[PDB]
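Quick notes on the structure that follows.
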Amino acid sequence: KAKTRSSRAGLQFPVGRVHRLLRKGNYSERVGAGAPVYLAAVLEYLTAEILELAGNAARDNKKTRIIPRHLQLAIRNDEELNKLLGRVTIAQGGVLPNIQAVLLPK
Amino acid sequence: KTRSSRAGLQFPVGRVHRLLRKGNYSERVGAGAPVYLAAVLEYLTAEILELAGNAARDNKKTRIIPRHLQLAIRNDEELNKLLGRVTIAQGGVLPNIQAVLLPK
Amino acid sequence: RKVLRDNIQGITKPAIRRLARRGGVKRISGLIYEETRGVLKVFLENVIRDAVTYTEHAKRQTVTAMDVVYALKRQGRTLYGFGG
Amino acid sequence: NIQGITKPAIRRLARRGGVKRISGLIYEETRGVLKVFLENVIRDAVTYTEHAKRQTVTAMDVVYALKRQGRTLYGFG
Amino acid sequence: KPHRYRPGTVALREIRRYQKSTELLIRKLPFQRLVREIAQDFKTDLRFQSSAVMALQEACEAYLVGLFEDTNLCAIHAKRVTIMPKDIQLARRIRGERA
Amino acid sequence: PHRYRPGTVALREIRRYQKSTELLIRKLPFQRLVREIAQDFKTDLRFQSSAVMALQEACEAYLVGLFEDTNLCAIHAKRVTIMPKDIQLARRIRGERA
Amino acid sequence: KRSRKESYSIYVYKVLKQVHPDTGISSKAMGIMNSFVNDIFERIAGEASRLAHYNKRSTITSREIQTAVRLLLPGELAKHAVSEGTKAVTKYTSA
Amino acid sequence: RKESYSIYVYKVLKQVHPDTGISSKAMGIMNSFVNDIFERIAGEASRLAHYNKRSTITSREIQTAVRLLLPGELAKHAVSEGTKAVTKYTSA
DNA sequence: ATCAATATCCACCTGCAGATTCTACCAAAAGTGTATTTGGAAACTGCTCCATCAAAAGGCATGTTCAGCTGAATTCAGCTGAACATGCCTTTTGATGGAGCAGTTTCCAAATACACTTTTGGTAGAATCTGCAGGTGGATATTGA
DNA sequence: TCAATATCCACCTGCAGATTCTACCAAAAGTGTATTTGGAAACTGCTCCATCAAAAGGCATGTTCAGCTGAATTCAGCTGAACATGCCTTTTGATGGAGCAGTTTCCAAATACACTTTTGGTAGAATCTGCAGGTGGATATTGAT
Ligand SMILES: [Cl-]
Ligand SMILES: [Cl-]
Ligand SMILES: [Cl-]
Ligand SMILES: [Mn+2]
Ligand SMILES: [Mn+2]
Ligand SMILES: [Mn+2]
Ligand SMILES: [Mn+2]
Ligand SMILES: [Mn+2]
Ligand SMILES: [Mn+2]
Ligand SMILES: [Mn+2]
C-alpha cells in the first residue's frame, strides 16, 4: 500500500512531478531525495501566497472568481511579489490605477 | 589528428566537446556541435582582437590592453550590442561630451 | 490573398492615444503618433523574428504561442497567459 | 564608513560620466545608491561564499553575483 | 446649449477609464495584418496560431503602455505635461534599448 | 592674476578622466566600506585580494554609467547640473527602483 | 491518439480552496498561475544547477534548492519560503 | 592545474596581428569573453533542444542559437565560419 | 454662490458561456532488490590573508570669491483637446476546405560506453621587451584689456 | 587682435616589471571496438487555420474652435566651481604566523537503475452558476453665469 511522497512531506503539490522535471529537464547529473520536496514546497507556498492576495482583490472588486486583473493588482501592490515578477507581464492584467500627481487639476 | 586542426581551427574542439557534456546542456552532444561552436568562438575572438589590435596601433602601442578592447567594442555597434550588459575591467568610457555642455 | 502592405498605419491614432492614457499620459504631442509606430514596429519585429526563428528550427510552417513566448522570454519581456 | 568615499571621488566619477556641473546634494544621494549597489552585490556574493562552505570571499563569488545582478564583469575569471 | 469640458477634463477622465480596464486597446484585425505582414517578410507562407497573435498583441500593448509611463515621467521631469518624441528617445535611451 | 572661468576646469577634467581608465575611488576607504557591509551578512570574513577589485571595478563602472544617464536627465530638463531628482528618474526608468 | 498535456492546474485549485474555500478561479487566470509556477520552477532549478556546477558538485541537493531560493526570492518571501521548505523536507524524511 | 583559452586566443592574435602582443589583464578579459559567449550559445542551444523534445545538441542547434544570440552581420559571418568549419572537419 | 449638463455609480436582473463536477482510461508515480559513486570525513600541506610598523606625499578638507545657473513670473502664438457629423471598416458567427501538426512504425547512422595509447596544455623557469614617467620645449587654449 | 598665464602634446630617453619563450610532465584528447539509441523517413489521423459571406454600428477621420500649454524672455538670489592652504589619511613595502582553501584516500549513505504493481491526472461529456450587458434611479463633478 503506497502513498504519494507529497503527503509524506504533506504538500498539496506533486512532489513526484517536480523530481521528474528536475531530471527530464537536465539541470544536474543527479538529484537528491529532498530537492523535489523542498522546491515543491517553495512552489506551493508562492502559489498559495499570491492566491491569497488575488482572492482578496477578487473579494474587493465584489466577485467570487479570481481573474487575471485580480492577479495583477495582487502582484502589483505587494512590494515583494512585484519585484519577483518585475520583468513579467500578465496577459489581460492591466495596470494599477495611478494618475501622476502633477497632472491633476489645481 | 587533433579534431581541431582537422576542422582547421586554433580553438579546442576537443575541450569544447568536453565542456558541453559537463554543462548539463543536453543528454548527448552531436559530433559537429563542438566544432561548430569552437569555430563561432574563434571567429568572434578574431573579430575582436583585430579591431582591438587597430586600436592598439591607433594609440601607437604594440600590447593590446583592456582600454583597447573596450574602445574596440563600444566603437563597433554589433559587438557593442553583443556585449551590451557586460563591463570590461580597466576599460574606461569612450570620449563623449554632450553638445549642450560645450563652451563658446 | 491581397498583398500585405504598410499596415502599421493600422495602429491608428485613437489607439496610440489610448495605450497612452492607460499609461497615464494626459497631453500628447502630435509628433508622438508617428514615433510610437516607429517603436511598435521595431519591437514587433524583434519579437517576431526570434519567434519565427524558433518556428524554423522546429521545421514547422506555423508560428505557435510557445514560439511567441520563448521569444518574449528571450527578449527579457516574459509573458504569462499562453505560457502553456 | 560610507562617508569614506570622499566628495572629490564622487566628482571624478561624474566626470568620467560626462557631468559638468554638480548639485552639492548629489554627494549624499550618490553615497546612497552606491551602498545599495554593494549591499546587493555582496549579499548575493557572500551567499555564494556561504553555500560554498567557506570563510573567504573569492573573486568568483563577486563575479557570479555580478552576473546574477545583470552586471556581468569580464577580467576576473 | 451646448455643454463643453475644459481641456484636460476628459483626458483625466479617459486615463481613469482605461486604467480600470484590461481590454486590448488596438483593433485586432489591423494588428493581425501588421503581424502577418512583418512575419511575411522573414519567411513566407507562415501560418499563425490564433493565439500566437493574441500573445503578441498582449505583449505589444503592454510594452507600450509601459513605455508611455516612463515617457510621461520624462515630460514631467522637464516641467511639461505633454509627452514628446524627445521624451520617448530618453525613456528608451535610458532603458538601454536604443543607446 | 589668472583664473579659469567657471565650468572650464570641469571640461578639462571630463576629457581628463574619460581618457584614463584608472580607478577613482580610494582603495583603502573602499575596502573598509566593503568589509563593513559584508558584516551584516557574515562575520570574520576574508576577501580575496582581487575579490575587492572586482567589487571596486563593478562599482565605479556602475556609478559612471548611472551618471551618464543622470546627466542626460539633467540636460533633458533644460539644466546642466545633475541633481538628486535626475539620478532618481534615471533609476526609476532603469527599473532599479519603483 | 490522445496526447494528454500536463499542468499544475489541479494543485493550484487545491491550494485555492485552502486559502479561499468559496472563491473560484477562471481559465485564463489558472493559465497565468500555471505559468507563474513553471517560471519560478525554472528559475530556482536553474539557479540550482549553477550553484551545483559552480561548486564542482554533480548533484542538486535540497540544500542547493534552498540557497537557490535565498538568492532568488526577496527577503520576507524568502523567509517564509525557506520555512515551508525545511518543514516539508524534515517532515518527509521521517517517513 | 587551472585551464583557460589563454593559449588559443594568443594563436588567433598572432594570426591577425603577428606584430602585436596582449596584456595579461587583456587576456583575462578576452578569456572571460570566450566563456561568456560559450555559455550563452550553449544555453540557448540547450533550450532549443528541450523546447523541441530533443535529447542531443547538434550543429543545427548551435547555429540557430548563434542566429538568435548574435546580432546582424556578426550573426552571418559566425554561422558561415561555423558551417565552413563543419564540412572541412567532416571531410578529413 | 446657484444650477443645468454629463458622467460615474451601484443595486437589480436573467440567460448562457465558462466553469465545476462526474465517471472511464493509462502514462507515471510507487515499491523492492541491487549496482554504482558521491561527497563528506579524517588529515596534511602550503598558500594567501590579516595584522602590525614606519615613513613621505599626494589628496582632502576649508574657507574665500563671484561667475552665470537655476528659478520664478510674464506673455503670446499655436498647438492639441473637445465635440460633431460622416460613413468606412472591424466585429461577429458560421461555414468549408485542407495544410500540416502530430500521434506511430521503423531502421540507421550516430552517439555513448570502456580502457588503452599517445599529445597537449599548464607550471614554474629563464631570457627578454615595453610602456613607464620624467624632460622641457613648443605650441594650443583661456582669458582679460 | 593683442599678449600673460597655464595646460597640453610630443620627440627622446634608459629599466625593472610584466611579458613571452622554454623545458618538462599529469590530464586529457584521440582511437579502437562494441553497445545502445535518438529521431529522421514514410504514413494517416483530423485539429486548427485560412477565407469568405454578410449586416451592423463601433470607431475612425476630418473639421471647427479656442483653452491653456509650451516656449521665449527677463531678472538676481545665490549655489557651486576655481583657487589657494594646511594637515592627514592613503599608498606601499616587506614581514609573520597561520587561518583556510584544497588534495587525497576511503567508504557508509545516498542515487541511479531495471521491473512490476498501484494509482492520481487527464480528457470528455454531465450539470451547474458567476457575472456580462442592459436598464434606471441616485450621487458627484463640471463649468456656465
Ligand atoms: Cl536532497
Ligand atoms: Cl552534430
Ligand atoms: Cl532634487
Ligand atoms: Mn511584404
Ligand atoms: Mn495533408
Ligand atoms: Mn605542448
Ligand atoms: Mn609616457
Ligand atoms: Mn507653461
Ligand atoms: Mn483514483
Ligand atoms: Mn455589469
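Chains as they are written, first to last, in the entry's author numbering: chain C, 13 to 118; chain G, 15 to 118; chain F, 19 to 102; chain B, 25 to 101; chain E, 37 to 135; chain A, 38 to 135; chain D, 30 to 124; chain H, 33 to 124.
Here a beta-carbon is modelled for each residue, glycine too, at the ideal position from N, C-alpha and C.
Among the options, which one has its Cα closest to the Cα of residue i?
| i | options | result |
| --- | --- | --- |
| E:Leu-65 | E:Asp-81, E:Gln-76 and E:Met-90 | E:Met-90 |
| F:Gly-94 | G:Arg-32, G:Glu-91 and G:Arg-99 | G:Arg-99 |
| H:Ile-94 | H:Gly-104, H:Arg-33, H:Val-118 and H:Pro-50 | H:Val-118 |
| H:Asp-51 | G:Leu-34, G:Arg-77 and G:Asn-110 | G:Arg-77 |
| F:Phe-100 | C:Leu-96, C:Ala-47 and C:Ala-103 | C:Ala-103 |
| F:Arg-35 | E:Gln-68, E:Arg-72, E:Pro-43 and E:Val-101 | E:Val-101 |
| D:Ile-61 | E:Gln-85, E:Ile-119 and E:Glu-94 | E:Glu-94 |
| H:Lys-120 | G:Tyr-50, G:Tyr-39 and G:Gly-37 | G:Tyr-50 |
| D:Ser-91 | B:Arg-45, B:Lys-31 and B:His-75 | B:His-75 |
| A:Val-46 | B:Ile-29, B:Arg-39 and B:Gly-28 | B:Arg-39 |
| F:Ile-26 | E:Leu-103, E:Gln-68 and E:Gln-125 | E:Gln-68 |
| C:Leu-115 | E:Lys-37, E:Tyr-41 and E:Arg-49 | E:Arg-49 |
| D:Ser-112 | D:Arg-99, D:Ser-56 and D:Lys-85 | D:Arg-99 |
| D:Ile-39 | D:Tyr-83, D:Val-66, D:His-82 and D:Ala-110 | D:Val-66 |
Going along chain G, which residues have a C-beta under 8 Å from residue i?
| i | result |
| --- | --- |
| B:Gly-99 | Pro-80, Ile-102, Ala-103 and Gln-104 |
What's the gap between the Cα of residue i and the Cα of residue j?
| i | j | result |
| --- | --- | --- |
| F:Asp-68 | F:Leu-62 | 10 Å |
| C:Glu-41 | A:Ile-74 | 36 Å |
| E:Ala-135 | E:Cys-96 | 21 Å |
| residue 148 of chain D | C:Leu-58 | Since the first and last residues shown for chain D are 30 and 124, residue 148 of chain D lies out of range. |
| H:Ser-36 | C:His-31 | 35 Å |
| D:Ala-97 | A:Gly-132 | 23 Å |
| G:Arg-29 | G:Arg-20 | 14 Å |
| C:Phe-25 | A:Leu-70 | 44 Å |
| E:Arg-52 | C:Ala-113 | 13 Å |
| F:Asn-64 | A:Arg-128 | 25 Å |
| A:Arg-63 | B:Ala-33 | 8 Å |
| A:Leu-103 | A:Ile-124 | 7 Å |
| A:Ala-114 | G:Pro-117 | 19 Å |
| E:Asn-108 | A:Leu-126 | 11 Å |
| A:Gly-44 | H:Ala-58 | 35 Å |
| B:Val-60 | A:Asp-77 | 13 Å |
Counting only Cβ pairs nearer than 9 Å, list the residues of chain A close to residue i.
| i | result |
| --- | --- |
| E:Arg-131 | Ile-130, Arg-131 and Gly-132 |
Run down chain C in chain order and give the residues with a C-beta less than 7 Å from the C-beta of residue i.
| i | result |
| --- | --- |
| D:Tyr-40 | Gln-24, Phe-25 and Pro-26 |
| E:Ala-114 | Near E:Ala-114 there are no residues of chain C at all, since even the closest Cβ is about 12 Å away, more than 7 Å. |
Using a cut-off of 7 Å between C-beta atoms, extract the partners of residue i located in chain B.
| i | result |
| --- | --- |
| D:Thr-122 | Near D:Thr-122 there are no residues of chain B at all, since even the closest Cβ is about 21 Å away, more than 7 Å. |
| G:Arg-29 | Per Cβ cutoff of 7 Å: no residues; G:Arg-29 is ~17 Å from chain B at best. |
In chain F, which residues lie less than 7 Å from residue i when you measure between Cβ atoms?
| i | result |
| --- | --- |
| C:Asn-110 | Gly-42 |
| E:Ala-88 | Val-81, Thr-82, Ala-83, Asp-85 and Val-86 |
Report the neighbours of residue i on chain E: residues whose CB is nearer than 8 Å to its CB, in chain order.
| i | result |
| --- | --- |
| residue 181 of chain C | The displayed coordinates of chain C run from 13 to 118. Any statement about residue 181 of chain C would go beyond what the structure contains. |
| A:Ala-127 | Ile-130 |
| F:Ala-33 | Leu-61, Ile-62 and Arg-63 |
By the criterion of Cβ-Cβ separation under 9 Å, what are the contact partners of residue i in chain E?
| i | result |
| --- | --- |
| C:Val-43 | Going along chain E, no residue has its Cβ under 9 Å from C:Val-43, so there is no contact; the nearest lies around 32 Å. |
Chain A partners of residue i, CB-CB under 8 Å?
| i | result |
| --- | --- |
| G:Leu-93 | Going along chain A, no residue has its Cβ under 8 Å from G:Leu-93, so there is no contact; the nearest lies around 18 Å. |
Under 8 Å between beta-carbons, which chain C residues line up against residue i? List them in chain order, please.
| i | result |
| --- | --- |
| D:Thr-90 | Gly-44, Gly-46 and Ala-47 |
Against residue i, what residues of chain D qualify as contacts under a CB-to-CB distance less than 9 Å, listed in chain order?
| i | result |
| --- | --- |
| F:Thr-73 | Those do not exist, as F:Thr-73 stays about 20 Å from chain D at its closest Cβ, beyond 9 Å. |
Assess, as a yes-or-no matter, whether the region 50-68 of chain C is touched by the region 43-56 of chain D under the definition of 3 or more beta carbon pairs within less than 8 Å.
yes
So does the region 70-79 of chain D actually touch the region 50-59 of chain B, counting three or more Cβ pairs closer than 8 Å?
no
Three or more C-beta pairs below 8 Å linking the region 85-97 of chain C and the region 93-112 of chain D:
yes
Is the region 78-90 of chain A touching the region 80-93 of chain B, taking contact as three or more C-beta pairs under 8 Å?
yes
Across the region 69-84 of chain B and the region 98-113 of chain G, are there enough close Cβ pairs to call them in contact, namely three or more that are closer than 8 Å?
no
Identify every run of the alpha helix (DSSP H) within the region 74-104 of chain C, keeping only runs that are complete inside it and at least 4 residues long; order them along the chain.
80-89 and 91-96
Ignoring anything shorter than 4 residues or poking outside the region 56-83 of chain A, list the alpha helix (DSSP H) runs there in chain order.
64-76
So within the region 22-57 of chain G, which uninterrupted alpha helix (DSSP H) runs reach at least 4 residues, ignoring any that extend past its ends?
27-36
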